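What follows is structure.pdb (PDB, C-alpha atoms and all ligand atoms).
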```
ATOM      1  CA  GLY T  36      94.518   6.504   4.392
ATOM      2  CA  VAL T  37      93.571   6.053   0.682
ATOM      3  CA  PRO T  38      94.828   2.829  -0.995
ATOM      4  CA  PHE T  39      96.397   2.601  -4.480
ATOM      5  CA  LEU T  40      93.524   1.088  -6.585
ATOM      6  CA  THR T  41      95.983  -0.661  -8.954
ATOM      7  CA  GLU T  42      97.543  -2.427  -5.936
ATOM      8  CA  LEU T  43      94.047  -3.396  -4.686
ATOM      9  CA  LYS T  44      93.415  -5.003  -8.100
ATOM     10  CA  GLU T  45      96.835  -6.838  -8.135
ATOM     11  CA  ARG T  46      96.028  -8.121  -4.574
ATOM     12  CA  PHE T  47      92.465  -9.195  -5.552
ATOM     13  CA  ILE T  48      93.898 -11.184  -8.547
ATOM     14  CA  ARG T  49      96.789 -12.769  -6.548
ATOM     15  CA  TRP T  50      94.569 -13.803  -3.503
ATOM     16  CA  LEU T  51      90.861 -14.108  -4.521
ATOM     17  CA  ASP T  52      90.364 -13.984  -8.359
ATOM     18  CA  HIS T  53      93.309 -15.677 -10.169
ATOM     19  CA  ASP T  54      91.338 -15.484 -13.534
ATOM     20  CA  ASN T  55      90.657 -11.695 -13.196
ATOM     21  CA  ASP T  56      86.931 -12.211 -14.150
ATOM     22  CA  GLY T  57      86.011  -9.600 -11.446
ATOM     23  CA  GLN T  58      84.438 -12.152  -9.006
ATOM     24  CA  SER T  59      85.808 -14.310  -6.153
ATOM     25  CA  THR T  60      83.452 -17.324  -6.124
ATOM     26  CA  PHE T  61      83.209 -19.948  -3.314
ATOM     27  CA  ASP T  62      86.104 -22.280  -4.374
ATOM     28  CA  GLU T  63      88.361 -19.217  -4.926
ATOM     29  CA  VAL T  64      87.684 -17.775  -1.425
ATOM     30  CA  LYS T  65      88.099 -21.362  -0.028
ATOM     31  CA  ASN T  66      91.505 -21.885  -1.790
ATOM     32  CA  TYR T  67      92.461 -18.429  -0.366
ATOM     33  CA  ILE T  68      91.549 -19.257   3.297
ATOM     34  CA  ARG T  69      92.859 -22.880   2.941
ATOM     35  CA  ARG T  70      96.439 -21.487   2.560
ATOM     36  CA  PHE T  71      96.354 -20.580   6.325
ATOM     37  CA  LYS T  72      93.347 -22.561   7.728
ATOM     38  CA  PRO T  73      93.623 -25.768   5.623
ATOM     39  CA  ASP T  74      90.588 -27.438   7.349
ATOM     40  CA  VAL T  75      88.359 -24.304   7.036
ATOM     41  CA  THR T  76      84.652 -25.253   6.850
ATOM     42  CA  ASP T  77      82.417 -24.449   3.861
ATOM     43  CA  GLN T  78      80.156 -22.395   6.235
ATOM     44  CA  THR T  79      83.092 -20.193   7.432
ATOM     45  CA  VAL T  80      83.888 -19.504   3.711
ATOM     46  CA  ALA T  81      80.169 -18.636   3.113
ATOM     47  CA  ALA T  82      80.037 -16.121   6.089
ATOM     48  CA  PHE T  83      83.266 -14.401   4.853
ATOM     49  CA  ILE T  84      81.583 -13.880   1.440
ATOM     50  CA  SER T  85      78.226 -12.754   3.079
ATOM     51  CA  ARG T  86      79.790  -9.841   5.090
ATOM     52  CA  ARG T  87      81.138  -8.446   1.734
ATOM     53  CA  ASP T  88      78.303  -9.498  -0.671
ATOM     54  CA  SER T  89      76.115  -6.295  -0.768
ATOM     55  CA  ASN T  90      74.547  -7.282  -4.188
ATOM     56  CA  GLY T  91      73.711 -10.811  -2.858
ATOM     57  CA  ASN T  92      75.138 -12.697  -5.918
ATOM     58  CA  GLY T  93      77.012 -15.140  -3.548
ATOM     59  CA  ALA T  94      80.444 -13.846  -4.761
ATOM     60  CA  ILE T  95      82.880 -11.047  -3.770
ATOM     61  CA  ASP T  96      82.856  -8.562  -6.694
ATOM     62  CA  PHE T  97      86.038  -6.444  -7.112
ATOM     63  CA  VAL T  98      83.600  -3.607  -7.964
ATOM     64  CA  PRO T  99      81.739  -2.423  -6.066
ATOM     65  CA  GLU T 100      82.351  -4.693  -3.015
ATOM     66  CA  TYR T 101      86.152  -5.131  -2.651
ATOM     67  CA  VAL T 102      86.858  -1.469  -3.600
ATOM     68  CA  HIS T 103      84.107  -0.170  -1.220
ATOM     69  CA  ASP T 104      85.464  -2.327   1.684
ATOM     70  CA  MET T 105      89.130  -1.484   1.098
ATOM     71  CA  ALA T 106      88.803   2.179   0.000
ATOM     72  CA  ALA T 107      87.766   3.103   3.598
ATOM     73  CA  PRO T 108      89.257   0.523   5.999
ATOM     74  CA  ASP T 109      87.919   0.948   9.551
ATOM     75  CA  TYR T 110      87.932  -1.046  12.795
ATOM     76  CA  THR T 111      84.965  -3.092  14.015
ATOM     77  CA  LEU T 112      85.014  -5.896  16.584
ATOM     78  CA  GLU T 113      83.045  -8.119  14.121
ATOM     79  CA  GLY T 114      85.679  -7.544  11.393
ATOM     80  CA  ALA T 115      88.582  -8.146  13.816
ATOM     81  CA  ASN T 116      86.844 -11.325  15.094
ATOM     82  CA  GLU T 117      86.624 -12.706  11.550
ATOM     83  CA  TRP T 118      90.458 -12.606  11.184
ATOM     84  CA  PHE T 119      90.836 -13.828  14.808
ATOM     85  CA  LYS T 120      88.672 -16.914  14.034
ATOM     86  CA  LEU T 121      90.555 -17.621  10.759
ATOM     87  CA  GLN T 122      93.899 -17.580  12.716
ATOM     88  CA  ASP T 123      92.423 -19.752  15.524
ATOM     89  CA  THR T 124      93.405 -22.963  13.728
ATOM     90  CA  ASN T 125      91.991 -25.308  16.460
ATOM     91  CA  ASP T 126      88.899 -23.088  17.230
ATOM     92  CA  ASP T 127      89.706 -22.898  21.002
ATOM     93  CA  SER T 128      89.101 -19.050  21.071
ATOM     94  CA  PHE T 129      92.825 -18.171  21.496
ATOM     95  CA  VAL T 130      95.473 -17.474  18.831
ATOM     96  CA  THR T 131      98.791 -18.889  20.041
ATOM     97  CA  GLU T 132     102.197 -17.630  19.032
ATOM     98  CA  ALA T 133     102.654 -20.869  17.011
ATOM     99  CA  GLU T 134      99.270 -20.542  15.201
ATOM    100  CA  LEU T 135     100.069 -16.883  14.271
ATOM    101  CA  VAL T 136     103.585 -17.807  13.006
ATOM    102  CA  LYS T 137     102.228 -20.682  10.885
ATOM    103  CA  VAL T 138      99.625 -18.331   9.358
ATOM    104  CA  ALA T 139     102.342 -15.712   8.625
ATOM    105  CA  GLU T 140     104.511 -18.360   6.833
ATOM    106  CA  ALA T 141     101.423 -19.565   4.908
ATOM    107  CA  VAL T 142     100.784 -16.023   3.462
ATOM    108  CA  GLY T 143     104.377 -15.670   2.190
ATOM    109  CA  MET T 144     106.648 -14.655   5.074
ATOM    110  CA  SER T 145     109.947 -16.384   5.746
ATOM    111  CA  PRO T 146     110.347 -18.270   9.063
ATOM    112  CA  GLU T 147     112.301 -15.361  10.672
ATOM    113  CA  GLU T 148     109.919 -12.681   9.272
ATOM    114  CA  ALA T 149     106.958 -14.646  10.703
ATOM    115  CA  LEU T 150     108.642 -15.088  14.107
ATOM    116  CA  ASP T 151     109.690 -11.387  14.310
ATOM    117  CA  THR T 152     106.148 -10.193  13.384
ATOM    118  CA  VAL T 153     104.448 -12.415  15.974
ATOM    119  CA  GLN T 154     107.016 -12.229  18.825
ATOM    120  CA  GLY T 155     107.348  -8.463  18.451
ATOM    121  CA  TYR T 156     104.105  -6.774  17.369
ATOM    122  CA  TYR T 157     101.486  -9.481  18.061
ATOM    123  CA  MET T 158     102.782 -10.618  21.468
ATOM    124  CA  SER T 159     103.032  -6.959  22.559
ATOM    125  CA  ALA T 160      99.187  -7.418  23.086
ATOM    126  CA  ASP T 161      99.677 -10.546  25.298
ATOM    127  CA  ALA T 162      98.817  -8.667  28.529
ATOM    128  CA  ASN T 163      99.045 -11.770  30.830
ATOM    129  CA  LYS T 164     102.114 -13.278  28.986
ATOM    130  CA  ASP T 165     100.411 -16.725  28.572
ATOM    131  CA  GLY T 166     101.768 -17.032  24.956
ATOM    132  CA  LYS T 167      98.395 -16.534  23.236
ATOM    133  CA  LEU T 168      95.857 -13.795  22.472
ATOM    134  CA  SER T 169      92.193 -13.638  23.392
ATOM    135  CA  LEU T 170      89.888 -11.658  21.086
ATOM    136  CA  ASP T 171      90.125  -8.775  23.584
ATOM    137  CA  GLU T 172      93.951  -8.734  23.338
ATOM    138  CA  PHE T 173      93.965  -9.298  19.547
ATOM    139  CA  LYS T 174      91.599  -6.381  18.809
ATOM    140  CA  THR T 175      94.082  -3.903  20.333
ATOM    141  CA  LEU T 176      96.494  -4.611  17.413
ATOM    142  CA  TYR T 177      94.213  -2.477  15.184
ATOM    143  CA  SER T 178      94.942   0.752  17.158
ATOM    144  CA  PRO T 179      98.718   0.988  17.912
TER     145      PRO T 179
HETATM  146 SR    SR Q 201      95.020 -17.757 -17.044
HETATM  147 SR    SR Q 202      86.710 -15.698 -10.400
HETATM  148 SR    SR Q 203      86.476 -22.907  10.006
HETATM  149 SR    SR Q 204      78.621  -9.819  -4.586
HETATM  150 SR    SR Q 205      93.820 -21.685  18.978
HETATM  151 SR    SR Q 206     108.728  -9.610  22.562
HETATM  152 SR    SR Q 207      97.073 -13.675  26.704
HETATM  153 SR    SR Q 208      95.093   1.506  21.144
END
```
Once you've parsed the file, please lay out its structure as structure tokens.
Ligand SMILES: [Sr+2]
Ligand SMILES: [Sr+2]
Ligand SMILES: [Sr+2]
Ligand SMILES: [Sr+2]
Ligand SMILES: [Sr+2]
Ligand SMILES: [Sr+2]
Ligand SMILES: [Sr+2]
Ligand SMILES: [Sr+2]
Amino acid sequence: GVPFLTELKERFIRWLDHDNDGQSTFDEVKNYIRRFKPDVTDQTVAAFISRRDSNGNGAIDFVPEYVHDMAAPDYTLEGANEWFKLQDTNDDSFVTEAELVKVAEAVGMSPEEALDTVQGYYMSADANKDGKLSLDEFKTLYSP
């Protein structure tokens, strides 16, 4: 569906551009990802910016880039993999229940809200019940 542009802006400010200058520069994207992957590498942060940076100015611009990306959200494996990798705190190519719960708490959920999100919705994709998601399990969460 179509997002509320005013909410997109409030989200962009609160997550990526605290100063509302219209750009999310390196240290801003890093402070964003560090909330939930505290030992995120500088190169991960750079690749996140590059997928969004259509004008090549090394920054995520609210306009046109954030609005373009968010106005028409769509599924791709590459896009799903980016969030998978950011939740894979130990980079072992699985997201465990505990990693997903810690990320949920880090982005502002209470302990019980985080547990109920992960143990309900996320683990519904755990086809072999081993307590963790592969990329192939995780990607199914985009098409309930
Ligand atoms: Sr200020
Ligand atoms: Sr900024
Ligand atoms: Sr990283
Ligand atoms: Sr840009
Ligand atoms: Sr992991
Ligand atoms: Sr369950
Ligand atoms: Sr599994
Ligand atoms: Sr589906």
Could you give me, as an mmCIF file with C-alpha atoms, keeping the file's coordinate frame, every polymer residue with an atom at most 9 Å away from an atom of ligand SR 207 (chain Q), counting all atoms listed in the file?
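Below is the file that was written, result.cif:
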```cif
data_model
loop_
_atom_site.group_PDB
_atom_site.id
_atom_site.type_symbol
_atom_site.label_atom_id
_atom_site.label_comp_id
_atom_site.auth_asym_id
_atom_site.auth_seq_id
_atom_site.Cartn_x
_atom_site.Cartn_y
_atom_site.Cartn_z
ATOM 1 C CA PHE T 129 92.825 -18.171 21.496
ATOM 2 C CA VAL T 130 95.473 -17.474 18.831
ATOM 3 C CA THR T 131 98.791 -18.889 20.041
ATOM 4 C CA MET T 158 102.782 -10.618 21.468
ATOM 5 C CA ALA T 160 99.187 -7.418 23.086
ATOM 6 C CA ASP T 161 99.677 -10.546 25.298
ATOM 7 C CA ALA T 162 98.817 -8.667 28.529
ATOM 8 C CA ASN T 163 99.045 -11.770 30.830
ATOM 9 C CA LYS T 164 102.114 -13.278 28.986
ATOM 10 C CA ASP T 165 100.411 -16.725 28.572
ATOM 11 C CA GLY T 166 101.768 -17.032 24.956
ATOM 12 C CA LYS T 167 98.395 -16.534 23.236
ATOM 13 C CA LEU T 168 95.857 -13.795 22.472
ATOM 14 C CA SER T 169 92.193 -13.638 23.392
ATOM 15 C CA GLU T 172 93.951 -8.734 23.338
ATOM 16 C CA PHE T 173 93.965 -9.298 19.547
#
```
Problem - Residues near range 132-145 of chain T, cut-off 8 Å, all atoms listed in the file, skip fewer than 5 positions along chain, as a PyMOL selection string - result: chain T and resi 70-72+122-124+150+153-154+158+166-167
Exercise for the section: Starting from the displayed file, determine the output of the PyMOL selection byres (((chain T and resi 111-114) around 12) and not hetatm) and express the residue list as an MDAnalysis selection string. Expected result: chainID T and resid 82:83 86:87 104 108:110 115:121 170:178
Practice task
Kindly indicate which residue among T:77, T:63, T:52, T:151 lies nearest to ligand SR 203 (chain Q), using all atoms listed in the file for the distances.
Solution key: T:77
Handout entry: Selection as a count of residues only: residues within 12 Å of (88.7, -16.6, -3.8), counting only C-alpha atoms
Key = 35
Exercise for the section: Could you please extract the residues within 6 Å of ligand SR 203 (chain Q), counting only C-alpha atoms and all ligand atoms, and hand them back as a PyMOL selection string? Expected result: chain T and resi 75-76+79
Practice task
Using all atoms listed in the file, find the one residue out of T:125, T:152, T:89, T:41 that sits nearest to ligand SR 206 (chain Q).
Solution key: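 Selected residue with least distance to ligand SR 206 (chain Q): T:152.
Counting from CA of residue 88 in chain T, the distance to CA of residue 73 in chain T is 23.2 Å.
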Handout entry: One-decimal distance in Å that lies between CA of residue 105 in chain T and CA of residue 37 in chain T
Key = 8.8 Å
Fill in the blank from the handout: note - atom SR of ligand SR 204 (chain Q) and CA of residue 128 in chain T are separated by 29.2 Å
Exercise for the section: Give the answer as one residue: which of T:42, T:155, T:127, T:149 has the shortest atom-to-atom distance to ligand SR 205 (chain Q), using all atoms listed in the file? Expected result: T:127
With C-alpha atoms as the atom set, please write range 105-168 of chain T from the structure just given, as a PDB file, in the first residue's frame.
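Result file follows (part04.pdb):
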```
ATOM      1  CA  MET T 105       9.544   3.461   0.777  1.00  0.00           C
ATOM      2  CA  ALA T 106       6.743   4.795  -1.481  1.00  0.00           C
ATOM      3  CA  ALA T 107       6.692   1.405  -3.320  1.00  0.00           C
ATOM      4  CA  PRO T 108       7.967  -1.299  -0.930  1.00  0.00           C
ATOM      5  CA  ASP T 109       8.496  -4.635  -2.712  1.00  0.00           C
ATOM      6  CA  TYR T 110      10.183  -7.965  -1.959  1.00  0.00           C
ATOM      7  CA  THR T 111      13.610  -8.934  -3.300  1.00  0.00           C
ATOM      8  CA  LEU T 112      15.916 -11.643  -1.957  1.00  0.00           C
ATOM      9  CA  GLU T 113      18.809  -9.091  -1.916  1.00  0.00           C
ATOM     10  CA  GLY T 114      16.732  -6.671   0.213  1.00  0.00           C
ATOM     11  CA  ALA T 115      15.577  -9.454   2.576  1.00  0.00           C
ATOM     12  CA  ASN T 116      19.202 -10.692   2.874  1.00  0.00           C
ATOM     13  CA  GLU T 117      20.361  -7.230   3.965  1.00  0.00           C
ATOM     14  CA  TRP T 118      18.023  -7.321   7.026  1.00  0.00           C
ATOM     15  CA  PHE T 119      18.882 -11.027   7.571  1.00  0.00           C
ATOM     16  CA  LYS T 120      22.630 -10.174   7.741  1.00  0.00           C
ATOM     17  CA  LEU T 121      22.017  -7.194  10.088  1.00  0.00           C
ATOM     18  CA  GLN T 122      20.072  -9.531  12.489  1.00  0.00           C
ATOM     19  CA  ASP T 123      22.766 -12.260  12.210  1.00  0.00           C
ATOM     20  CA  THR T 124      24.745 -10.778  15.106  1.00  0.00           C
ATOM     21  CA  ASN T 125      27.541 -13.449  14.987  1.00  0.00           C
ATOM     22  CA  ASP T 126      27.576 -13.717  11.113  1.00  0.00           C
ATOM     23  CA  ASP T 127      27.043 -17.542  11.159  1.00  0.00           C
ATOM     24  CA  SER T 128      24.283 -17.321   8.417  1.00  0.00           C
ATOM     25  CA  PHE T 129      21.398 -18.138  10.832  1.00  0.00           C
ATOM     26  CA  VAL T 130      19.216 -15.775  12.894  1.00  0.00           C
ATOM     27  CA  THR T 131      18.446 -17.452  16.221  1.00  0.00           C
ATOM     28  CA  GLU T 132      15.405 -16.788  18.346  1.00  0.00           C
ATOM     29  CA  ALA T 133      17.709 -15.022  20.867  1.00  0.00           C
ATOM     30  CA  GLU T 134      19.384 -12.805  18.199  1.00  0.00           C
ATOM     31  CA  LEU T 135      15.929 -11.773  16.823  1.00  0.00           C
ATOM     32  CA  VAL T 136      14.584 -10.991  20.345  1.00  0.00           C
ATOM     33  CA  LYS T 137      17.655  -8.888  21.212  1.00  0.00           C
ATOM     34  CA  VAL T 138      17.240  -6.931  17.952  1.00  0.00           C
ATOM     35  CA  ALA T 139      13.508  -6.383  18.694  1.00  0.00           C
ATOM     36  CA  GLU T 140      14.335  -5.015  22.212  1.00  0.00           C
ATOM     37  CA  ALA T 141      17.074  -2.805  20.692  1.00  0.00           C
ATOM     38  CA  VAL T 142      14.544  -1.096  18.299  1.00  0.00           C
ATOM     39  CA  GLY T 143      12.121  -0.246  21.136  1.00  0.00           C
ATOM     40  CA  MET T 144      10.039  -3.319  21.989  1.00  0.00           C
ATOM     41  CA  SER T 145       9.522  -4.478  25.555  1.00  0.00           C
ATOM     42  CA  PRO T 146      10.897  -7.920  26.546  1.00  0.00           C
ATOM     43  CA  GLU T 147       7.436  -9.585  26.202  1.00  0.00           C
ATOM     44  CA  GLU T 148       6.628  -7.761  22.911  1.00  0.00           C
ATOM     45  CA  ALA T 149       9.990  -8.936  21.500  1.00  0.00           C
ATOM     46  CA  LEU T 150       9.446 -12.536  22.665  1.00  0.00           C
ATOM     47  CA  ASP T 151       5.839 -12.654  21.318  1.00  0.00           C
ATOM     48  CA  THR T 152       6.926 -11.245  17.902  1.00  0.00           C
ATOM     49  CA  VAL T 153       9.786 -13.733  17.501  1.00  0.00           C
ATOM     50  CA  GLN T 154       8.201 -16.857  19.079  1.00  0.00           C
ATOM     51  CA  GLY T 155       4.947 -16.314  17.194  1.00  0.00           C
ATOM     52  CA  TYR T 156       5.454 -14.758  13.750  1.00  0.00           C
ATOM     53  CA  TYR T 157       9.199 -15.282  13.143  1.00  0.00           C
ATOM     54  CA  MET T 158       9.445 -18.879  14.402  1.00  0.00           C
ATOM     55  CA  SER T 159       6.362 -19.784  12.324  1.00  0.00           C
ATOM     56  CA  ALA T 160       9.001 -19.872   9.443  1.00  0.00           C
ATOM     57  CA  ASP T 161      11.302 -22.299  11.375  1.00  0.00           C
ATOM     58  CA  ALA T 162      10.365 -25.293   9.168  1.00  0.00           C
ATOM     59  CA  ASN T 163      12.802 -27.775  10.864  1.00  0.00           C
ATOM     60  CA  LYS T 164      12.177 -26.400  14.444  1.00  0.00           C
ATOM     61  CA  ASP T 165      15.956 -25.980  15.146  1.00  0.00           C
ATOM     62  CA  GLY T 166      15.320 -22.576  16.883  1.00  0.00           C
ATOM     63  CA  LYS T 167      16.851 -20.439  14.113  1.00  0.00           C
ATOM     64  CA  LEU T 168      16.102 -19.223  10.579  1.00  0.00           C
TER      65      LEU T 168
END
```
